[PDB]
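There is one chain below, alone, in structure tokens, taken in the form solved without homotropine.
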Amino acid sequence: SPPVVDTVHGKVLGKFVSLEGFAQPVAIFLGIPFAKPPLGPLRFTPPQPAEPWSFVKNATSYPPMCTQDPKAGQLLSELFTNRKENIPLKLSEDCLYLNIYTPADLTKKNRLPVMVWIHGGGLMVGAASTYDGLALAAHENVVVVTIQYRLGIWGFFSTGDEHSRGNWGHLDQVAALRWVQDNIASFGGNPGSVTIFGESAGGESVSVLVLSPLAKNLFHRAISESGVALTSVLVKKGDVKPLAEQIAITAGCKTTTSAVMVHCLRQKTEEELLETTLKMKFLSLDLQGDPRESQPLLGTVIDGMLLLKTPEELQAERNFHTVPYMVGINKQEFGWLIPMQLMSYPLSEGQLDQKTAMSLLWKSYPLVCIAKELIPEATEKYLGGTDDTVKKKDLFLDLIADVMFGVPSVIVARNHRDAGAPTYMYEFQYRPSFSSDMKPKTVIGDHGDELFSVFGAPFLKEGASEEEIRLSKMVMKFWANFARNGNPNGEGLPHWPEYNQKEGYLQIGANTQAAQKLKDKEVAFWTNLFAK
């Protein structure tokens, strides 16, 4: 007796899964289309409503993930999946689907809080199917929705004008949120209480939706995990046309006009555009050439529809959605994963000098926009204290991590607090046992380590210790409490203080205690240095 739900566009057929320790099973719906496939002429256009179907659609198979680099996507899913076994996925330009995990009795009337997950991957890779919402939904009684969006060229190609504005992935996210508003009541969810949360590029997308006016009334709480829009690498500011012309030339198109480029790209096949994507070599640090010329990836643009101004100007004007907002970072954002596995840094030597540190900080211009004159001052600020190079390598990693994640997050939290909205901050400092054997094991709080506690990995995977299980339960309860109340606090949990003029935050880990003034001196130093 599988569950059957009746959405506006038709009826879907689900699947009951049972989690240990819970009598009620969770209804799971894999691959619900929230938008019309963006194929052919619809490429590089805003998403359109899905066409209604006539008979019950089977929703028990994982959808394809958006076309991307298969190796990088597979590696990212393996690294970030909370299920015991990694599920293979198929690439497709038809990828605008979402997965629903609802623990509600679909027979009765239920209004549960809805948490919508946005996956990371630098806006280039990633899949919604990587994350299983069975444990979180079962434990916390929330409806978990994991959405997909266009990536890479398909999602963020822009000519800088009205012919290809860009920001197609964020428009897909807005369309998915509208779908949730329209249909989540049939799955037991409460559309009047929707929380968006994401990690890395997902956190940047969450921040963008907080800034965007297109997303008004589509959510009520927000969580940013290791990502904000102030992160310079993802938000593309300046002249966007040189990158479009480079992409078009690589694809083999004429660059006479924006319309000509867009038309010629719309005629390309999926394989040709994926070959162009591989040729461009995104998400790879360029060891040779001028650092400022290299482009790490395609990303958000100030197109005039999704974002009217830059995030800095909008935050200055207080022109954003004033919802309860949670912003947090991991203790070592740049410890192992991003440098070694994701972008193949040359720091495998284990020793870093002052000269090599300055050279590598200049080579890292795309990630961190530091002018060459400011490089020596930063490198002396961080690496100057210690003489041994072993510690200096860790200090260089800390220097990169602060600029990329820590200062922007604290600045965004301060601006959100000043606008009068409730703000909460945390710093996750813990090393999951599910980590790769490649990690040196000196890394605690690597990028994405809080994902295994947010989605209840200890209950889906094997070999967790008791403290890890308790940490997962505590983090899931904090997230669900924030989703339903806009305030993470609850009974049986350590007190999480609100981020205010005291700047209190929570240090999440083996020992969970409150602290104050997160990244205060780092923020001060980098703010002074950049204004130089």
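Heads up: residue numbers just count along the shown sequence, starting at 1.
Here the subject shifts to the form solved in complex with homotropine, a form of this protein not shown in this document.
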{"item": "Open or blocked, homotropine overlaid from its pose in the deposited complex onto this form, 2.4 Å backbone/C-beta test", "value": "blocked"}
{"item": "Single option in 107, 269, 348, 386 placed near homotropine in the deposited complex, where near means a heavy atom within 4.5 Å", "value": "348"}
{"item": "Of 393, 431, 139, 321, the one that lies within 4.5 Å of homotropine in the deposited complex (heavy atoms)", "value": "393"}
{"item": "Residue stretch of 302 to 310, 458 to 466, 432 to 440, 212 to 220 approaching homotropine in the deposited complex, non-hydrogen atom distance within 4.5 Å", "value": "432 to 440"}
{"item": "Residue contact check: residue 335 to homotropine in the deposited complex, 4.5 Å heavy atom", "value": "yes"}
